[PDB]
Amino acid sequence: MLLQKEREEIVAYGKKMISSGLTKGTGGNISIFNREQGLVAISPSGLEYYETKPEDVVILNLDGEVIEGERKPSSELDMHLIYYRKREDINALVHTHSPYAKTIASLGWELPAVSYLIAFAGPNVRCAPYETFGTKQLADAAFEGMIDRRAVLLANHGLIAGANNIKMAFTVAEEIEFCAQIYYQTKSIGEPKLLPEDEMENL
């Protein structure tokens, strides 16, 4: 099989996603880019994470064509491909439907520097405006909201995080979900203290 290592990683981290509470059901999706070949491994659409085998992962080229795999690729594949076409610093993406990030996103709010952990994404995390699930418009909105960042909130939908490898992409998704929990909880009872921009640069 093509991209064997990547396929195994997508299976492993999909299990980690549902187990960490970062998604519900079969929703959410993960991809890993093999930069040497120009090929993308992506989670299959609508399969349970603990029922997914490496052979179920789908291999795409950057035009969205299936190169290998019998399963349907994630319905959100356009939102993954755009990062591998239009940046060179992202080789893996974790897209979650996680509750605290989705909460901040569904208010249309940015996530400010409520924690030093925000630095996993940047000085803040922007909120991309709503676009329809599974469309190129949403792919554009996600990418544009994530410029010079490693994560972006998706209004009324969730979060996507990217990094140089899958371990770091997952770390960014999990730590930014945690930051969103802190922002939601502090805003529930008061006004959080925020870190200054130069400290966020320092970090």
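Residue indices: 1-based, along the sequence shown.
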Out of 99-107 and 129-137, which stretch has the higher average CA B-factor listed in the record? 129-137
Of 51-59 and 168-176, which one has the bigger average CA B-factor? 51-59
Among 189, 12, 182, 194, where is the Cα temperature factor highest, going by the PDB entry? 12
Between 162, 145, 46, 158, which one tops the list for Cα B-factor in this entry? 46
Pull the Cα B-factor of residue 73 out of the PDB entry and bin it into the chain's lowest, middle or highest third. highest
Lowest, middle or highest third: where is residue 26 by C-alpha B factor in its chain? highest
Among the modelled residues of this chain, does the Cα B factor of residue 151 put it in the lowest, middle or highest third? lowest
Lowest, middle or highest third: where is residue 41 by C-alpha B factor in its chain? middle
